[PDB]
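Colleague: experimental structure below, sequence on top.
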Amino acid sequence: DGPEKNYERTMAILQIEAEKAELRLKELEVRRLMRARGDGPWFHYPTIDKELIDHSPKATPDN
Amino acid sequence: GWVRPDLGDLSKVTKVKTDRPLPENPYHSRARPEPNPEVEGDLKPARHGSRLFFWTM
């Protein structure tokens, strides 16, 4: 292969690897925030479903 | 003139006229916490794959 093909093949390799590296650093930062704040789709630990509640008038009034 | 109600009458659910306004917040609930932002948009393939160490897919 000539130097030009290897040179520009290297640039294509570097671009992919640089893009993956930035995404890897971004994922770690995103995970740290989500786990700290709980405001994301990850680390979403379930709470009790409120459709289970019965809203009918009960046997007694105060409830 | 009193007529004894028949079997089953006193267990009916009835409707009553009232001027007392319907209570707005009978449980005295605080304002509910805001839900988390929805995730929306089209699902696209992961950029450069799993990106797990050396794997290219």
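Modeller: Noted; the coordinates are in hand. Residues are numbered from 1 along each chain as shown, chains lettered A, B, ... in the order given.
Colleague: from here on, just use CA atoms for contacts and neighbour counts.
Modeller: OK.
Colleague: how about the residues of chain B that lie near chain A?
Modeller: Taking CA under 8 Å from any CA of the partner chain as the measure of proximity, chain B contacts chain A at B:36, B:37, B:47, B:48, B:51.
Colleague: show me the contacts for the last one.
Modeller: Spelled out, that is residue B:51. A:20, A:24, B:57 (CA atoms under 8 Å, 6 or more residues apart in numbering or on different chains).
Colleague: coming back round to it: for PyMOL, write the selection for the buried entries among the residues of chain B next to chain A.
Modeller: A single PyMOL command selects the buried members of these (16 or more other CA atoms under 10 Å in any protein chain shown):
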select buried, chain B and resi 51
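Colleague: would a markdown table of the residues of chain B next to chain A with secondary structure be doable?
Modeller: Below are the residues of chain B next to chain A laid out as a markdown table (DSSP: H, G, I helix; E, B strand; the rest coil):
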| residue | secondary structure |
| --- | --- |
| B:36 | coil |
| B:37 | coil |
| B:47 | coil |
| B:48 | coil |
| B:51 | coil |
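Colleague: ok, the residue nearest in space to the middle of chain A to residue A:33 distance?
Modeller: With distances taken as CA atoms, centre = their mean, the residue of chain A nearest its centroid is residue A:42 (5.5 Å). Taking CA to CA, to the nearest Å as the measure, residue A:42 falls 10 Å from residue A:33.
Colleague: what's the neighbour count on residue A:40?
Modeller: Residues near residue A:40, counting by other CA atoms under 10 Å in any protein chain shown, number 16.
Colleague: surely it and residue B:38 touch.
Modeller: No. The criterion here is CA atoms under 8 Å, and residue A:40 misses it with residue B:38 at 9.1 Å.
Colleague: and the furthest pair within the residues of chain B next to chain A?
Modeller: B:36 and B:48 (28.5 Å; CA to CA).
Colleague: so how do I select the buried members of the contacts of residue B:51 in ChimeraX?
Modeller: Per 16+ other CA under 10 Å, the buried members of these correspond to this ChimeraX selection:
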select /A:20
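Colleague: among the contacts of residue B:51, which lie within helices?
Modeller: Of the contacts of residue B:51, the ones assigned to helices by DSSP state H are A:20, A:24.
Colleague: just want the residue of chain B that's nearest chain A.
Modeller: Going by CA to the nearest CA, chain A is nearest to residue B:36 of chain B, at 5.7 Å.
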